[PDB]
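The data below hold one chain only, encoded as structure tokens and taken in the form deposited in one PDB entry.
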């Protein structure tokens, strides 16, 4: 956010500078559009970076017609550039023209509004009053910037200022060939993924989020770089994530430095990056370079996450959902070329049936082909963000994958999916323990290879604390895991890694599932053609207290006897056609809508494996058992592999368990973690033992546990009080021979690292350790300085005791170039020194920079780094001649 008068003068100062660059034969290193080309940032070969505005801020007042604002431009005459005002020469006293390039100043004509409310223009001592200013929308003096060929870059104006071409810098570094062909980082049951968010809402230092993830988890992790689509509804402009490209770039470099996988620019229609309609645009269109760039330069980049694609379409500043699907059609090809994933996540309401994962492939036949053909690259995820329809949306998201249109299936859980005011069981606020249930249920019984989140990131995963002292009198920003992150999430993944929780393959799920619905309906409302049959789940796994479809407010199943029921558009391949029972929805209203008849046919397909009010589903020798109701709840489960007779289970509310049957052993992973520290009680009884059993228990993470044992009349009874997760082992043998046989250890394969990133590293000043600085801007959007990288910058300031430090890295020993992007608006700063590894190496030339709020500059140093960690400091020695600002540093090999 900024005033119209700032915007105008910025463009003028830019026009002066472009002309200066032209006659000094300077080159454009980089340019990039923002807010769909409302503004651009521009870097030249001398390191000068500045904004130009294609849209000007409204003029405070309220009026909203287009009205007059002065237009300072430039024409050429007798070989020379002179200032224009509204397409006539700019003159003051006499009729003397005024050169752009005058041998004394770098003062441009300044436009203003005086105190009688008239526009004015001043140039040194001279000054000129023009027309009355008037509240209204204004038009910019500048149109846009495009590229000509691969040589030229053109700046075009809206007045009669000529076009201005500058050469497009070519860098003499040999470009690094990208990764193509096969998938960069395969995902499968053997190689699952956790998407952990570096979140614009946490105002992250990516480096410190990465480090909060332990080593055993890291290799299975895919860091998800979240750009918030929070914006000003009137203008369109993004705040939280002001410069999305620049955040993504900065954090994607840190990821690439740390050799970890990474991928998120949209929520609903809103997106920091412009949608395409043709595959050609990925190379030919200077409005959409970001797509190719991330794949080309970062070998750890897996692609793009379009989350929550159910809202915000057809906005003034979004796109239609059709246009989005179309963008996916092209983007998916791009993704396939580079071995990437495109991820989509859906949560549902009544208004959004026509944009769900059925409609996705049923409404757009071209996307359907491109999806089918590159399913390996396409990942479809259930989101738990909306207030209803969870079983419908679970079926459909699962159906996408099994039917062959997506390669992997995932869950993105959210607190926000707890029912509002009343909640569930008598618990107003969402309790974290609840979250473990859907996830384990859908991972173990429906083949999810991707866990995403959980949300909200900043309530469930990480928070920033106050700054902390880190030696030598320096202080740093700091981040911490929430306890439920460690005690639910981290530990649940350890239980996948350690092969307790075996993820079934697609073909394994179809054999279990048995049945599919095909959505072959073309008549009726949006719900009739894209959503599942309304009473699909009734008298199956849907609770008594809950209701059908959009009155389905609870995601806990009443029973696990019947498997999650998938709903697809079509079956694309051999395997999808191996479904035992294919039911067309058109027949559904006739036959299956009678709840009793459905339950009758389903009962023949899916035998009773237990009784009681707990949730119990079995796959191979693994049970998921949980309690999603109030009060102690029970079940009687006859064993299928263990040689004892049966187990009777009695569990507290929101206790979840994973129970592995062995001929002479049982394991329980149990959890029910409350951060406030309460205990819960659980009771396990084994029947049919022909021997005194024994038991073993280990607490996990920050959990507690005590277990009591009771042998009596051939019943063995374990009483497990605990807070948080634990593994319990029961050695119990019986005398049965009618029992199945346990297959050998499922595979878990530790996912390979990405190739080593050979490009430049970046370290944002707002993440530096610091002492005695004037101001540290971690949330820049609300402050006066524009055109910065990531979310912020700092004002180092003039203190003689001012200093900063970060830890930087180097693939090996040698000379590197350190580019400090900075601002020195009032005076040159010759008074700050640089230390590498606690040895002073020079005094960067921080030349006076232009006063304008968008201008930054870059100061260079050559230095020796050694292989691995290096320490970087900037230290004042005296009082600065003026404020020094710092946005970042960028390190590259010479």
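Positions refer to the first chain, counted from 1. Whichever C-alpha set is largest while still superposing within 1.5 Å between the two forms counts as the rigid core.
As for the form deposited in another entry, it is not shown, yet the points below apply to it.
*Asks:* Only one of 640, 160, 735, 126 shifts by 2 Å or more at CA between this form and the one not shown when the core is aligned; which is it?
*Replies:* The only residue crossing the 2 Å threshold is 126.
*Asks:* Is residue 150 displaced by at least 2 Å at its C-alpha between this form and the one not shown when the rigid core is overlaid?
*Replies:* No, its C-alpha moves less than 2 Å.
*Asks:* Core-aligned, does residue 103 move its Cα 2 Å or more between this form and the one not shown?
*Replies:* Result for residue 103: yes, a 2 Å-plus shift.
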